[PDB]
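As structure tokens, one chain now follows by itself in the form deposited in one PDB entry.
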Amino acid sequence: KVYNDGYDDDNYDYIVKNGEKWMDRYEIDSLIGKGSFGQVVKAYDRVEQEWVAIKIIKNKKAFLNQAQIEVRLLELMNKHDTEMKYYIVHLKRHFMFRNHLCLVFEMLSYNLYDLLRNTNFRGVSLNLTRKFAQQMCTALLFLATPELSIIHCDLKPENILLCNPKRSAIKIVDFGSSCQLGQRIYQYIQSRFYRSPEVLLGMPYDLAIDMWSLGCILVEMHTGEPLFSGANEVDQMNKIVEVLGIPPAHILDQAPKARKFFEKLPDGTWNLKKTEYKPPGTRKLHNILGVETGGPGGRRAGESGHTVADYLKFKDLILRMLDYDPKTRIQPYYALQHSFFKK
């Protein structure tokens, strides 16, 4: 059995060969990414005389249609004049090659997960996470443009990449799972660790879910570990409840999946269901961040920009991004006016 005249494997993925030359232009070096969508290769563009990342979408109608949505979103974002658009991965061009849709992006550096791994999961300076926080807040403000109204829908350290390994400039990549504001067509969305309470409770979701994701990411970038590392959605909700407490009754009364996690007592109030965790809201973020104990594991004791005053500004902003209420959860514009960013 051969697939696509021997160009494709059995999983519809194009068989990447180091040194192969496409259309007398792109020279493939190596595979730099993989997923259900297909693969990503480092290639040299002979025309522009620069390195590019080519996202080879696997030869399947389902995966091609998903990529077409991604291309439309990227091209729509590219059209906007604002210089906030330079916090989003730039799609240079897209073409069909041997029955594969190929998205040519600008070549970037390491993602923030590789960064966390370089630290052995002890996290980066509060000064660096502030630089990341402000760029991310600007990127989410850009996606918040009414004409775009884009929900990234899969924000995580892996999907945030450095432009340059010796600069702190970041770009959000992978809009392959993205939607624009609209009917709640999907419900199992976002990576588990960065999944908003809305999605967990199966309630309608807006652009605020990306802000929840950001809150979870920035704490992780400082401490080194995911704030909420759930083995399942029930474990996920319980780990959120440990830090933030029981979500307000007004939210859970409207929540279709409320009773997956909580039981409604005869007095109208909500408790957890038992099956292991701290009492609700007793794993204070004050302690996780180490506000008064020299930061995470006391590893930032005596470091410049790691004062109690600096940590309190950070904690205030993170608690505003992790507001259970998506309608009062802090929006990108207001997050950018926060004292955490005031020099």
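Each form is matched to the other, and the largest set of C-alpha atoms that superpose within 1.5 Å is called the rigid core. One-based numbering along the sequence shown.
There is also a form deposited in another entry; it is not shown, and the following applies to it.
Superposition on the rigid core between this form and the one not shown places the CA atom of residue 42 less than 2 Å from its counterpart. Superposition on the rigid core between this form and the one not shown places the CA atom of residue 183 2 Å or more away from its counterpart. Once the rigid core is overlaid between this form and the one not shown, residue 9 counts among the residues whose Cα shifts by 2 Å or more. A change of 3 Å or more separates the two forms for residue 257 and residue 183: their C-alpha atoms lie farther apart in the other entry. Whereas the displayed form keeps them at a certain spacing, the CA atoms of residue 184 and residue 74 lie at least 3 angstroms closer in the other entry.
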